[PDB]
């Protein structure tokens, strides 16, 4: 029945992200929509290790009248960096927590910048610790500050809901505290839209393997990432070489002929007229017009540390690694932003990349940076250039 939304608390350390998360689960538990997870349980977040990288993330779930939420919260700034860039945590929206007594702090800025770079589409703000601020005008001035900062990263600062409260008082069962948590959750319900179903997006399928079979022609295999491909419809073959257009004449799985393949399906797709030598791993099938090939882009990247399997020395301007996009490596040259001389292991930064061959790409596409077949970085395309 209820639509599902993924969110998380972001913001500077000590501003009350965890207290707020705990208060949400408490106040919703009390309305019959969650198990109360106490502060210590959320704060002592399990470390999860995946692809060399350890991230501490608390996962909590709750529901309002309208919606079901999965909510993430992390102890440290570095967990946010890694989750948001690697996509180990996805957010359809974020609750930005700012201490009203401190105002925005450097990770308040960094998390907003990250939200922009990795495509978090909406922010709601909880201005926390108002029990520490007795002056209403000071409160308004902090709020105005948060709005200016949000707008400076192109979020709609004038329209973003900002709820003022004390997460700590809510935890202590103060009624005014609790009402703020409920106003926060109403704003989340109404402002953060439920994301588009993968099935409704334009068809896209990364090609993993290509086959030329006697009396069948050219077959490509992979997983449909999004949308639906139907026998008889046209598809573009995008990336690496000039775009080509053809007709899907078949979709199949082991011992199963299909009329179509949808998001999540691992299928073989028969391409009418297409020569095996014109298709390769690293291209995508797509809805015609829906995605273009590019060589040049900006990305937010996280560079692994030595302990994660990464480099143990910095790189510099013109570094020339591989970029693993979906299924294949393409070499590219890295340009660093003005004011950045070097990128250390464990840093995150925005870079410009120029690949030696085009890839079907769009904002939000993730990739790995590799050196000699070893992953040294994780990125997400933040802007297409030209």
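Residue numbers count along the first chain shown, from 1.
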State which stretch shows the higher mean Cα B factor in the entry: 297-305 or 101-109.
101-109
Averaging only over Cα atoms, indicate whether 271-279 or 167-175 has the higher B-factor in the PDB entry.
271-279
Quick one: which of 115, 213, 224, 95 shows the highest Cα temperature factor in the PDB entry?
213
Top Cα B-factor in this entry, restricted to 230, 129, 183, 147, sits on 230
Hey, what third does residue 30 fall into on Cα B-factor, ranked over its chain?
highest
By its CA B factor, does residue 40 count among the lowest, middle or highest third of the modelled residues in the chain?
highest
Chain-wide C-alpha B factor ranking for residue 382, given as lowest, middle or highest third
lowest
State the tercile, meaning the lowest, middle or highest third, of residue 53 with respect to the CA B-factors recorded for its chain.
highest
Is the Cα B-factor recorded for residue 266 in the lowest, middle or highest third of its chain?
middle
